[PDB]
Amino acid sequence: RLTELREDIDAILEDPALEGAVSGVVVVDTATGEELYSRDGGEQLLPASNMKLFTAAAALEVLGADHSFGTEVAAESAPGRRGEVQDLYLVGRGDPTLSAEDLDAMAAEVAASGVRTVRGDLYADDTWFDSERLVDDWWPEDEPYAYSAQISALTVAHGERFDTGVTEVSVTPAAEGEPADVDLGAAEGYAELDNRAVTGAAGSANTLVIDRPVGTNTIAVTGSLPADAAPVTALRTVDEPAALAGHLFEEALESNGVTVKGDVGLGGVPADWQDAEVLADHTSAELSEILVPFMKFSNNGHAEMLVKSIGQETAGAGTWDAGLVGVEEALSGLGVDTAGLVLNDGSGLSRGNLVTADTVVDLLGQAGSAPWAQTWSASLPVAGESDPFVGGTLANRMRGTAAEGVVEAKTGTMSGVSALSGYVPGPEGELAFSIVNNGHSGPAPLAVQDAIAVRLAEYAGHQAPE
């Protein structure tokens, strides 16, 4: 039975899509420790978003499943008879799920505290983390796109998936020959608009492009949107997420009847403030709950903020250098052998990351016996599940196979890198597997990955739902 499995996986790995590729493929029975399959398990390879497995485990170790994140509003003293304050600070301590609505609610609280006039300036304080926005080896051509959002302790998260440091751009066709309409979303009045896009003839070709040119806070729209085309909506990153948070808060205060006389900018609560008066605050959901949108949808921003939050907890340092050492030490303390690990970020976006399939499987086993095992597993994509908050990045994979509803695994794909690692429950055992592919030059080998996970589900004793 074991020999059949090995031959079938051998055969799957002979696929032409893996031409020139190196593939770490390890399968283990977690009840015994029996190595069911091992090929190039000690080989160092880029994990892409499989890196988040390491990040999430360390976050749960260091911060705890019950950890929550805070945001506050502070003035030098409370408002008095006149209901006045001078300068005002919006202070973020790394909430990756802070919404525009959360800002309105804090603005309401400011007003309820007796503030009627902010006489001075409004500052956005993101000093809980450093101001290093992007990892060294991240590619600047990726910068406009949501997965490459700048990292800040104070950032507005968009939508139910909580994509941080972005605005939603909507482009709507007008009459043929007239410029297309561009709505910048939350960044209206913050980001600059360079709209060069025109409306094309009905039935013409859609060539619309939405950019943020490198080193600018300009949304540049070019090309042609057909008069009969549906509006085009895209998430685009902004420069300095905290300053957008400041702009949005300004508008919320005004909206809530608080007049702001001064300017909006970046700044930290002054050292010489004797006893800051906290006029409003907000507390995020607990980490266990945050893990779900983080891991199901592979949120890069969440991982990096969690890394800087680890640095804060272990060292009082909201930085990648401290956070990344914190991840390694946490993993060691969990029992994971971290010899093959090279940590350059938390998300896996960095091409400077290295793992081995043996290390991933090692982690999968150690996480399984950790007190937080259940919140950890609930965060992972479940193969072929149609509800996006359940299926995640596996929503449209392995449907109508034995893996559907059973395989829990994390994905990770970029140019020349693809990975799938997780668990296979069954009337036999809860198998743990890692598949890491590097070096292929066509599409990512997702079908090869699916084929292994399905064979494993079958080996485990499962059948396709019909």
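In case it trips you up, residue 1 is the first one in the sequence shown, and so on.
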(message) Per the record, averaged over C-alpha atoms, which has the higher B-factor: 176 to 184 or 364 to 372?
(response) 364 to 372
(message) Please compare 295 to 303 with 208 to 216 and name the stretch with the higher mean C-alpha B-factor in the deposited structure.
(response) 208 to 216
(request) Would you mind checking which of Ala317, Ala230, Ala234, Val327 has the top Cα temperature factor in the PDB entry? (result) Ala230
(request) In terms of CA temperature factor as recorded, identify the highest of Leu287, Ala378, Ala78, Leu90. (result) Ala78
(request) Using the B-factors in the PDB entry, rank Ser350's C-alpha atom against the chain and give the third, lowest, middle or highest. (result) middle
(message) Per the entry's values, where does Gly203 land by CA temperature factor relative to the rest of its chain, in the lowest, middle or highest third?
(response) highest
(message) Sorting by Cα B-factor within the chain, modelled residues only, which third would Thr30 end up in: lowest, middle or highest?
(response) highest
(request) For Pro388, return the chain-relative third of its C-alpha B-factor as stated in the PDB record: lowest, middle or highest. (result) middle
(request) Would you mind checking where the Cα B-factor of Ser113 ranks among the modelled residues of its chain, as the lowest, middle or highest third? (result) highest
